[PDB]
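J.: Below is the file input_35.pdb, with PDB, C-alpha atoms (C1' of nucleotides).
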ATOM      1  CA  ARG M  42       0.000   0.000   0.000  1.00  0.00           C
ATOM      2  CA  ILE M  43       3.157   2.107   0.259  1.00  0.00           C
ATOM      3  CA  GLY M  44       2.269   2.716   3.887  1.00  0.00           C
ATOM      4  CA  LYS M  45       5.164   0.422   4.663  1.00  0.00           C
ATOM      5  CA  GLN M  46       8.310   1.462   2.849  1.00  0.00           C
ATOM      6  CA  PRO M  47      12.046   0.950   3.004  1.00  0.00           C
ATOM      7  CA  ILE M  48      14.080   4.158   2.947  1.00  0.00           C
ATOM      8  CA  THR M  49      17.087   3.556   0.702  1.00  0.00           C
ATOM      9  CA  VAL M  50      19.726   6.052   1.842  1.00  0.00           C
ATOM     10  CA  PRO M  51      22.984   5.569  -0.100  1.00  0.00           C
ATOM     11  CA  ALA M  52      26.351   6.811   1.116  1.00  0.00           C
ATOM     12  CA  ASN M  53      27.143  10.548   1.366  1.00  0.00           C
ATOM     13  CA  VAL M  54      23.596  11.284   2.502  1.00  0.00           C
ATOM     14  CA  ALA M  55      23.365  12.611   6.056  1.00  0.00           C
ATOM     15  CA  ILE M  56      19.985  11.812   7.624  1.00  0.00           C
ATOM     16  CA  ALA M  57      19.752  14.434  10.345  1.00  0.00           C
ATOM     17  CA  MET M  58      16.699  13.286  12.283  1.00  0.00           C
ATOM     18  CA  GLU M  59      15.199  15.745  14.748  1.00  0.00           C
ATOM     19  CA  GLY M  60      11.926  16.019  16.642  1.00  0.00           C
ATOM     20  CA  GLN M  61       9.325  16.303  13.877  1.00  0.00           C
ATOM     21  CA  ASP M  62      11.918  17.256  11.285  1.00  0.00           C
ATOM     22  CA  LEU M  63      14.382  15.819   8.803  1.00  0.00           C
ATOM     23  CA  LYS M  64      17.432  17.754   7.587  1.00  0.00           C
ATOM     24  CA  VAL M  65      19.134  15.757   4.865  1.00  0.00           C
ATOM     25  CA  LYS M  66      22.662  16.948   4.172  1.00  0.00           C
ATOM     26  CA  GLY M  67      23.478  15.386   0.834  1.00  0.00           C
ATOM     27  CA  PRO M  68      26.379  15.996  -1.519  1.00  0.00           C
ATOM     28  CA  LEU M  69      24.192  18.275  -3.648  1.00  0.00           C
ATOM     29  CA  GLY M  70      22.329  20.283  -1.020  1.00  0.00           C
ATOM     30  CA  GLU M  71      20.783  20.215   2.435  1.00  0.00           C
ATOM     31  CA  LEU M  72      17.049  19.746   1.940  1.00  0.00           C
ATOM     32  CA  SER M  73      14.710  20.201   4.862  1.00  0.00           C
ATOM     33  CA  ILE M  74      11.201  18.862   5.516  1.00  0.00           C
ATOM     34  CA  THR M  75       8.964  18.777   8.600  1.00  0.00           C
ATOM     35  CA  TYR M  76       6.886  15.861   9.628  1.00  0.00           C
ATOM     36  CA  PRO M  77       3.113  15.860   9.990  1.00  0.00           C
ATOM     37  CA  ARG M  78       1.564  14.748  13.257  1.00  0.00           C
ATOM     38  CA  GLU M  79       0.380  11.165  12.767  1.00  0.00           C
ATOM     39  CA  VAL M  80       3.474  10.353  10.703  1.00  0.00           C
ATOM     40  CA  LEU M  81       6.384   9.344  12.917  1.00  0.00           C
ATOM     41  CA  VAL M  82       9.698   8.102  11.508  1.00  0.00           C
ATOM     42  CA  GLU M  83      12.561   6.274  13.127  1.00  0.00           C
ATOM     43  CA  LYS M  84      15.867   5.327  11.592  1.00  0.00           C
ATOM     44  CA  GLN M  85      15.859   1.534  11.569  1.00  0.00           C
ATOM     45  CA  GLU M  86      19.515   0.934  12.579  1.00  0.00           C
ATOM     46  CA  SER M  87      20.599   0.879   8.943  1.00  0.00           C
ATOM     47  CA  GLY M  88      20.390   3.651   6.390  1.00  0.00           C
ATOM     48  CA  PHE M  89      16.651   3.039   6.215  1.00  0.00           C
ATOM     49  CA  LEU M  90      14.121   5.359   7.792  1.00  0.00           C
ATOM     50  CA  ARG M  91      10.605   4.135   8.510  1.00  0.00           C
ATOM     51  CA  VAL M  92       7.698   6.492   9.003  1.00  0.00           C
ATOM     52  CA  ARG M  93       5.196   4.716  11.239  1.00  0.00           C
ATOM     53  CA  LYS M  94       1.692   6.056  11.781  1.00  0.00           C
ATOM     54  CA  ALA M  95       1.279   6.458  15.527  1.00  0.00           C
ATOM     55  CA  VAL M  96      -2.466   7.074  15.990  1.00  0.00           C
ATOM     56  CA  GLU M  97      -5.105   4.950  14.267  1.00  0.00           C
ATOM     57  CA  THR M  98      -7.368   6.758  11.802  1.00  0.00           C
ATOM     58  CA  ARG M  99      -7.689   7.282   8.077  1.00  0.00           C
ATOM     59  CA  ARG M 100      -5.912  10.662   7.968  1.00  0.00           C
ATOM     60  CA  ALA M 101      -2.838   8.941   9.349  1.00  0.00           C
ATOM     61  CA  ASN M 102      -3.192   6.350   6.587  1.00  0.00           C
ATOM     62  CA  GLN M 103      -3.351   9.250   4.159  1.00  0.00           C
ATOM     63  CA  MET M 104      -0.184  11.002   5.143  1.00  0.00           C
ATOM     64  CA  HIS M 105       1.687   7.748   5.712  1.00  0.00           C
ATOM     65  CA  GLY M 106       2.121   7.044   2.039  1.00  0.00           C
ATOM     66  CA  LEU M 107       2.227  10.763   1.376  1.00  0.00           C
ATOM     67  CA  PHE M 108       5.127  11.621   3.628  1.00  0.00           C
ATOM     68  CA  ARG M 109       6.939   8.343   2.979  1.00  0.00           C
ATOM     69  CA  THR M 110       7.303   9.273  -0.633  1.00  0.00           C
ATOM     70  CA  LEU M 111       8.069  12.887   0.266  1.00  0.00           C
ATOM     71  CA  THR M 112      11.206  11.762   2.082  1.00  0.00           C
ATOM     72  CA  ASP M 113      11.965   9.454  -0.822  1.00  0.00           C
ATOM     73  CA  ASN M 114      11.915  12.533  -3.041  1.00  0.00           C
ATOM     74  CA  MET M 115      14.304  14.198  -0.592  1.00  0.00           C
ATOM     75  CA  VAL M 116      16.933  11.460  -0.591  1.00  0.00           C
ATOM     76  CA  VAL M 117      16.778  10.724  -4.309  1.00  0.00           C
ATOM     77  CA  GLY M 118      16.774  14.485  -4.691  1.00  0.00           C
ATOM     78  CA  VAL M 119      20.078  15.255  -3.040  1.00  0.00           C
ATOM     79  CA  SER M 120      21.840  12.129  -4.274  1.00  0.00           C
ATOM     80  CA  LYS M 121      20.603  11.351  -7.764  1.00  0.00           C
ATOM     81  CA  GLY M 122      19.141  14.772  -8.585  1.00  0.00           C
ATOM     82  CA  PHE M 123      16.055  15.465 -10.665  1.00  0.00           C
ATOM     83  CA  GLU M 124      15.989  16.256 -14.351  1.00  0.00           C
ATOM     84  CA  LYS M 125      13.235  17.619 -16.566  1.00  0.00           C
ATOM     85  CA  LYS M 126      13.010  18.075 -20.324  1.00  0.00           C
ATOM     86  CA  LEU M 127      11.152  20.346 -22.746  1.00  0.00           C
ATOM     87  CA  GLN M 128      10.936  20.757 -26.506  1.00  0.00           C
ATOM     88  CA  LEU M 129      10.065  24.084 -28.133  1.00  0.00           C
ATOM     89  CA  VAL M 130       8.648  22.533 -31.266  1.00  0.00           C
ATOM     90  CA  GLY M 131       8.054  24.749 -34.245  1.00  0.00           C
ATOM     91  CA  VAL M 132       9.019  27.705 -36.375  1.00  0.00           C
ATOM     92  CA  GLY M 133      10.956  30.450 -34.716  1.00  0.00           C
ATOM     93  CA  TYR M 134      10.491  28.964 -31.259  1.00  0.00           C
ATOM     94  CA  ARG M 135      13.885  28.889 -29.601  1.00  0.00           C
ATOM     95  CA  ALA M 136      15.316  29.636 -26.173  1.00  0.00           C
ATOM     96  CA  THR M 137      18.658  30.697 -24.844  1.00  0.00           C
ATOM     97  CA  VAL M 138      20.243  31.087 -21.450  1.00  0.00           C
ATOM     98  CA  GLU M 139      21.644  34.261 -19.924  1.00  0.00           C
ATOM     99  CA  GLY M 140      23.202  32.590 -16.928  1.00  0.00           C
ATOM    100  CA  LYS M 141      20.609  33.669 -14.425  1.00  0.00           C
ATOM    101  CA  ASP M 142      17.811  34.185 -16.949  1.00  0.00           C
ATOM    102  CA  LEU M 143      16.101  31.978 -19.518  1.00  0.00           C
ATOM    103  CA  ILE M 144      14.876  34.027 -22.467  1.00  0.00           C
ATOM    104  CA  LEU M 145      12.315  32.496 -24.802  1.00  0.00           C
ATOM    105  CA  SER M 146      11.497  33.282 -28.425  1.00  0.00           C
ATOM    106  CA  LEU M 147       7.881  32.165 -28.809  1.00  0.00           C
ATOM    107  CA  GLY M 148       6.438  34.173 -31.665  1.00  0.00           C
ATOM    108  CA  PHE M 149       5.103  36.838 -29.327  1.00  0.00           C
ATOM    109  CA  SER M 150       5.482  40.509 -30.079  1.00  0.00           C
ATOM    110  CA  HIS M 151       8.155  40.427 -27.393  1.00  0.00           C
ATOM    111  CA  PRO M 152      10.522  37.692 -26.217  1.00  0.00           C
ATOM    112  CA  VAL M 153       9.511  36.223 -22.875  1.00  0.00           C
ATOM    113  CA  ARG M 154      12.244  36.744 -20.294  1.00  0.00           C
ATOM    114  CA  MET M 155      11.886  33.992 -17.689  1.00  0.00           C
ATOM    115  CA  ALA M 156      14.276  34.889 -14.896  1.00  0.00           C
ATOM    116  CA  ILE M 157      15.057  31.567 -13.200  1.00  0.00           C
ATOM    117  CA  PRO M 158      15.804  31.263  -9.479  1.00  0.00           C
ATOM    118  CA  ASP M 159      19.094  29.892  -8.203  1.00  0.00           C
ATOM    119  CA  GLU M 160      17.863  26.463  -7.072  1.00  0.00           C
ATOM    120  CA  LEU M 161      17.375  25.464 -10.713  1.00  0.00           C
ATOM    121  CA  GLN M 162      20.144  24.789 -13.209  1.00  0.00           C
ATOM    122  CA  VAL M 163      18.663  25.009 -16.676  1.00  0.00           C
ATOM    123  CA  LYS M 164      20.320  24.787 -20.077  1.00  0.00           C
ATOM    124  CA  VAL M 165      19.596  24.309 -23.760  1.00  0.00           C
ATOM    125  CA  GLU M 166      21.755  21.530 -25.178  1.00  0.00           C
ATOM    126  CA  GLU M 167      19.809  21.620 -28.455  1.00  0.00           C
ATOM    127  CA  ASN M 168      18.351  24.924 -29.671  1.00  0.00           C
ATOM    128  CA  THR M 169      14.806  23.577 -29.532  1.00  0.00           C
ATOM    129  CA  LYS M 170      14.707  21.209 -26.577  1.00  0.00           C
ATOM    130  CA  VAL M 171      15.203  22.617 -23.084  1.00  0.00           C
ATOM    131  CA  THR M 172      16.579  20.910 -19.989  1.00  0.00           C
ATOM    132  CA  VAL M 173      15.935  21.700 -16.338  1.00  0.00           C
ATOM    133  CA  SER M 174      17.775  20.154 -13.417  1.00  0.00           C
ATOM    134  CA  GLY M 175      17.236  20.641  -9.732  1.00  0.00           C
ATOM    135  CA  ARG M 176      17.391  19.273  -6.232  1.00  0.00           C
ATOM    136  CA  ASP M 177      13.741  19.495  -5.180  1.00  0.00           C
ATOM    137  CA  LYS M 178      11.183  17.979  -7.503  1.00  0.00           C
ATOM    138  CA  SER M 179       8.404  20.392  -6.544  1.00  0.00           C
ATOM    139  CA  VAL M 180      10.365  23.471  -7.618  1.00  0.00           C
ATOM    140  CA  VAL M 181      11.447  21.780 -10.833  1.00  0.00           C
ATOM    141  CA  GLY M 182       7.754  21.187 -11.345  1.00  0.00           C
ATOM    142  CA  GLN M 183       6.482  24.735 -10.867  1.00  0.00           C
ATOM    143  CA  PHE M 184       9.255  25.901 -13.149  1.00  0.00           C
ATOM    144  CA  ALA M 185       8.713  23.508 -16.045  1.00  0.00           C
ATOM    145  CA  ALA M 186       4.957  24.002 -15.784  1.00  0.00           C
ATOM    146  CA  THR M 187       5.567  27.736 -15.914  1.00  0.00           C
ATOM    147  CA  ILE M 188       7.633  27.454 -19.090  1.00  0.00           C
ATOM    148  CA  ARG M 189       4.942  25.272 -20.636  1.00  0.00           C
ATOM    149  CA  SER M 190       2.227  27.686 -19.533  1.00  0.00           C
ATOM    150  CA  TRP M 191       3.183  30.377 -22.040  1.00  0.00           C
ATOM    151  CA  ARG M 192       2.603  28.393 -25.241  1.00  0.00           C
ATOM    152  CA  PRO M 193       1.106  25.039 -24.332  1.00  0.00           C
ATOM    153  CA  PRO M 194       0.868  22.989 -27.507  1.00  0.00           C
ATOM    154  CA  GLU M 195      -2.095  23.432 -29.872  1.00  0.00           C
ATOM    155  CA  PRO M 196      -3.865  20.483 -31.495  1.00  0.00           C
ATOM    156  CA  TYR M 197      -3.740  21.434 -35.165  1.00  0.00           C
ATOM    157  CA  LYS M 198      -0.368  23.134 -34.895  1.00  0.00           C
ATOM    158  CA  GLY M 199       0.695  20.201 -32.792  1.00  0.00           C
ATOM    159  CA  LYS M 200       3.544  22.472 -32.091  1.00  0.00           C
ATOM    160  CA  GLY M 201       4.346  24.514 -28.986  1.00  0.00           C
ATOM    161  CA  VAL M 202       6.313  24.038 -25.765  1.00  0.00           C
ATOM    162  CA  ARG M 203       5.429  20.412 -25.141  1.00  0.00           C
ATOM    163  CA  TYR M 204       7.742  19.011 -22.512  1.00  0.00           C
ATOM    164  CA  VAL M 205       9.422  15.878 -23.749  1.00  0.00           C
ATOM    165  CA  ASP M 206       7.519  12.588 -24.208  1.00  0.00           C
ATOM    166  CA  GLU M 207       4.088  13.988 -23.454  1.00  0.00           C
ATOM    167  CA  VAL M 208       1.178  12.889 -25.639  1.00  0.00           C
ATOM    168  CA  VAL M 209      -0.473  15.556 -27.781  1.00  0.00           C
ATOM    169  CA  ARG M 210      -3.983  15.166 -29.165  1.00  0.00           C
ATOM    170  CA  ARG M 211      -4.250  16.196 -32.795  1.00  0.00           C
ATOM    171  CA  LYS M 212      -7.053  16.944 -35.220  1.00  0.00           C
ATOM    172  CA  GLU M 213      -7.795  17.484 -38.902  1.00  0.00           C
ATOM    173  CA  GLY M 214      -8.779  21.050 -39.716  1.00  0.00           C
TER     174      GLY M 214
ATOM    175  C1'   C R   1     -33.427  99.682 -19.359  1.00  0.00           C
ATOM    176  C1'   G R   2     -37.456 102.580 -25.759  1.00  0.00           C
ATOM    177  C1'   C R   3     -35.192  99.513 -29.842  1.00  0.00           C
ATOM    178  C1'   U R   4     -30.428  98.425 -31.503  1.00  0.00           C
ATOM    179  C1'   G R   5     -24.632  97.597 -32.017  1.00  0.00           C
ATOM    180  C1'   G R   6     -19.791  96.726 -28.532  1.00  0.00           C
ATOM    181  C1'   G R   7     -17.947  95.146 -24.044  1.00  0.00           C
ATOM    182  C1'   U R   8     -13.790  94.710 -18.819  1.00  0.00           C
ATOM    183  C1'   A R   9     -14.667  91.888 -14.152  1.00  0.00           C
ATOM    184  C1'   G R  10     -18.077  88.054 -12.539  1.00  0.00           C
ATOM    185  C1'   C R  11     -20.715  83.515 -13.637  1.00  0.00           C
ATOM    186  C1'   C R  12     -20.799  80.319 -17.587  1.00  0.00           C
ATOM    187  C1'   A R  13     -19.668  76.776 -22.256  1.00  0.00           C
ATOM    188  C1'   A R  14     -20.209  74.774 -27.524  1.00  0.00           C
ATOM    189  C1'   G R  15     -13.359  76.872 -24.579  1.00  0.00           C
ATOM    190  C1'   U R  16      -9.477  75.456 -22.115  1.00  0.00           C
ATOM    191  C1'   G R  17      -6.188  71.855 -18.254  1.00  0.00           C
ATOM    192  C1'   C R  18      -6.140  67.207 -16.135  1.00  0.00           C
ATOM    193  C1'   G R  19      -7.861  62.406 -14.798  1.00  0.00           C
ATOM    194  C1'   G R  20      -8.664  57.367 -14.266  1.00  0.00           C
ATOM    195  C1'   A R  21      -2.287  54.517 -12.038  1.00  0.00           C
ATOM    196  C1'   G R  22       4.401  50.802 -11.542  1.00  0.00           C
ATOM    197  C1'   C R  23      -0.695  49.800  -8.742  1.00  0.00           C
ATOM    198  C1'   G R  24       0.451  45.504  -4.662  1.00  0.00           C
ATOM    199  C1'   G R  25      -2.410  41.278  -1.493  1.00  0.00           C
ATOM    200  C1'   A R  26      -6.055  37.613  -1.320  1.00  0.00           C
ATOM    201  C1'   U R  27      -9.579  35.105  -4.725  1.00  0.00           C
ATOM    202  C1'   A R  28     -14.018  32.650  -8.218  1.00  0.00           C
ATOM    203  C1'   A R  29     -14.102  29.805 -12.944  1.00  0.00           C
ATOM    204  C1'   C R  30      -9.765  27.480 -14.964  1.00  0.00           C
ATOM    205  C1'   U R  31      -4.792  25.568 -16.003  1.00  0.00           C
ATOM    206  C1'   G R  32      -1.173  23.530 -12.800  1.00  0.00           C
ATOM    207  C1'   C R  33       3.368  21.256  -9.437  1.00  0.00           C
ATOM    208  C1'   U R  34       4.810  17.429  -5.976  1.00  0.00           C
ATOM    209  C1'   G R  35       1.265  13.066  -4.020  1.00  0.00           C
ATOM    210  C1'   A R  36      -1.076   9.093  -1.418  1.00  0.00           C
ATOM    211  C1'   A R  37      -5.702   7.266   0.097  1.00  0.00           C
ATOM    212  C1'   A R  38      -6.221   2.751  -3.688  1.00  0.00           C
ATOM    213  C1'   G R  39       1.691  -1.447  -4.072  1.00  0.00           C
ATOM    214  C1'   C R  40      -1.067   2.930 -11.391  1.00  0.00           C
ATOM    215  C1'   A R  41      -4.034   7.387 -11.431  1.00  0.00           C
ATOM    216  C1'   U R  42      -6.051  11.933  -9.680  1.00  0.00           C
ATOM    217  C1'   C R  43      -4.772  20.091  -9.349  1.00  0.00           C
ATOM    218  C1'   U R  44      -5.965  17.920  -3.071  1.00  0.00           C
ATOM    219  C1'   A R  45      -6.708  14.841   1.102  1.00  0.00           C
ATOM    220  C1'   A R  46      -0.757  17.503   3.464  1.00  0.00           C
ATOM    221  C1'   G R  47       1.655  21.571   1.181  1.00  0.00           C
ATOM    222  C1'   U R  48       2.455  24.989  -2.877  1.00  0.00           C
ATOM    223  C1'   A R  49       2.470  28.148  -8.565  1.00  0.00           C
ATOM    224  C1'   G R  50      -0.246  31.140 -12.102  1.00  0.00           C
ATOM    225  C1'   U R  51      -4.649  33.994 -12.875  1.00  0.00           C
ATOM    226  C1'   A R  52     -10.628  38.300 -13.915  1.00  0.00           C
ATOM    227  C1'   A R  53     -13.015  45.308 -15.283  1.00  0.00           C
ATOM    228  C1'   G R  54     -14.991  41.077  -9.706  1.00  0.00           C
ATOM    229  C1'   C R  55     -12.965  41.797  -3.423  1.00  0.00           C
ATOM    230  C1'   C R  56      -9.322  44.725  -0.160  1.00  0.00           C
ATOM    231  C1'   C R  57      -5.384  48.484   0.061  1.00  0.00           C
ATOM    232  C1'   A R  58      -3.607  52.172  -3.193  1.00  0.00           C
ATOM    233  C1'   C R  59      -5.990  57.280  -5.861  1.00  0.00           C
ATOM    234  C1'   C R  60      -9.058  61.793  -4.434  1.00  0.00           C
ATOM    235  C1'   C R  61     -12.279  64.400  -0.742  1.00  0.00           C
ATOM    236  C1'   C R  62     -14.341  64.608   4.606  1.00  0.00           C
ATOM    237  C1'   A R  63     -13.376  62.460   9.233  1.00  0.00           C
ATOM    238  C1'   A R  64     -11.469  61.823  17.160  1.00  0.00           C
ATOM    239  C1'   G R  65     -19.514  63.522  18.916  1.00  0.00           C
ATOM    240  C1'   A R  66     -14.119  57.366  16.715  1.00  0.00           C
ATOM    241  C1'   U R  67     -18.452  59.831  23.766  1.00  0.00           C
ATOM    242  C1'   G R  68     -13.170  53.812  22.253  1.00  0.00           C
ATOM    243  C1'   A R  69     -14.076  61.406  22.054  1.00  0.00           C
ATOM    244  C1'   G R  70      -6.513  59.933  19.709  1.00  0.00           C
ATOM    245  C1'   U R  71      -1.636  62.407  18.878  1.00  0.00           C
ATOM    246  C1'   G R  72       2.357  67.117  20.195  1.00  0.00           C
ATOM    247  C1'   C R  73       4.775  71.721  20.526  1.00  0.00           C
ATOM    248  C1'   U R  74       3.411  75.815  21.967  1.00  0.00           C
ATOM    249  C1'   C R  75       0.623  79.109  25.152  1.00  0.00           C
ATOM    250  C1'   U R  76      -2.319  80.602  30.178  1.00  0.00           C
ATOM    251  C1'   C R  77      -2.477  82.062  35.053  1.00  0.00           C
ATOM    252  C1'   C R  78      -0.915  79.019  41.832  1.00  0.00           C
ATOM    253  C1'   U R  79      -2.543  86.295  45.018  1.00  0.00           C
ATOM    254  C1'   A R  80      -7.141  84.878  47.451  1.00  0.00           C
TER     255        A R  80
END
Could you render the structure as structure tokens?
T.:
Amino acid sequence: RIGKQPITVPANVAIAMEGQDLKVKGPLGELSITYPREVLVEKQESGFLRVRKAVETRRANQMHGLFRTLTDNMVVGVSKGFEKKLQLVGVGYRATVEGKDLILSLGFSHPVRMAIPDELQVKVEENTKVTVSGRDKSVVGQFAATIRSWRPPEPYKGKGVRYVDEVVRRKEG
RNA sequence: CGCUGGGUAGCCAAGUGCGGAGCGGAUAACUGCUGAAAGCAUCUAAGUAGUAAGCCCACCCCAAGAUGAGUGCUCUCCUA
């Protein structure tokens, strides 16, 4: 059910457990998440945390799986790191990086200057397709969604900022 | 004021001057991000992003009778 999970913590990954808190100090960043109430973890004498619902209800059962896989996103975050991929399909459409900014050429009257934050290391290895990388999967999310949310792909066109390997309905007219 | 022409100030306009803003914060519909309940999924249950002439502040004018009667820098006299 995912309620029961084994926390795979590889080497290099400090699991700083504190009273309703986890500070992971991993080789790529020190990510920090607080526990909810019913969800109680203990390190299980190996590099494997176990969140264990303390009080019996359904809301506990809810956040058991929830927070279990939150921590999993933390660990895999700092160690393996998250990627993300986009593809500015079409005429004209092309992006380029200005170190701290990501400027987009999307057929608008004006190029769209998406100033990125620091937590996110983006790049354009091929003039069309974009690449985002980051430590925390949520932030990577809001960012890639944001980039998509300027020219989400059109059906007929078939051809906008469709992040990689995402299915795109198409039509005749 | 007989009827007419012309007219300063005033008041007027069909004249002139300016004005509806970087606004910023929450939102509704909606699109989302991470994600289990439900060993897939789902915008949601935890938490977060965007976003409307709509809401609030901003703008402009009153306003401490706001009896909850505010604030302070000056005054005014202690001789019966």
J.: Return as JSON the centre and edge lengths, in Å with one decimal, of the box along x, y and z that encloses every atom of region 104-123 of chain M in the file, padded by 4 Å per side.
T.:
{"center_x": 10.8, "center_y": 11.3, "center_z": -2.5, "size_x": 30.0, "size_y": 16.4, "size_z": 24.4}
J.: Counting all atoms listed in the file, collect the residues of chain R whose closest atom lies at most 10 Å from chain M, and write them out as JSON, numbers by chain.
T.: {"R": [31, 32, 33, 34, 35, 36, 37, 38, 39, 45, 46, 48, 49, 50]}
J.: Taking the file as shown, find all residues satisfying the PyMOL selection byres ((chain R and resi 57) around 10) and write them as a PyMOL selection string.
T.: chain R and resi 24-25+56+58
J.: Evaluate the PyMOL selection byres ((chain R and resi 11-19) around 12) here and jot the selected residues down as a ChimeraX atom specification.
T.: /R:9-10,20-21,59-60
J.: Neighbours of residue 159 (chain M) within 12 Å (all atoms listed in the file; same-chain residues fewer than 5 positions away dropped), as a list in words?
T.: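 Listed by chain and then number, they are residues 140, 141, 142, 143, 173, 174, 175, 176, 180, 181 and 184 of chain M.
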J.: Which one of M:52, M:69, M:57, M:127 sits closest to residue 207 (chain M) if you count all atoms listed in the file?
T.: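 The shortest atom-to-atom distance to residue 207 (chain M) comes from M:127.
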J.: To one decimal place, how far is CA of residue 84 (chain M) from CA of residue 54 (chain M) in Å?
T.: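 These atoms are spaced 13.3 Å apart.
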J.: Can you measure CA of residue 96 (chain M) to CA of residue 79 (chain M) for me? One decimal in Å is fine.
T.: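 Taking CA of residue 96 (chain M) and CA of residue 79 (chain M), their separation equals 5.9 Å.
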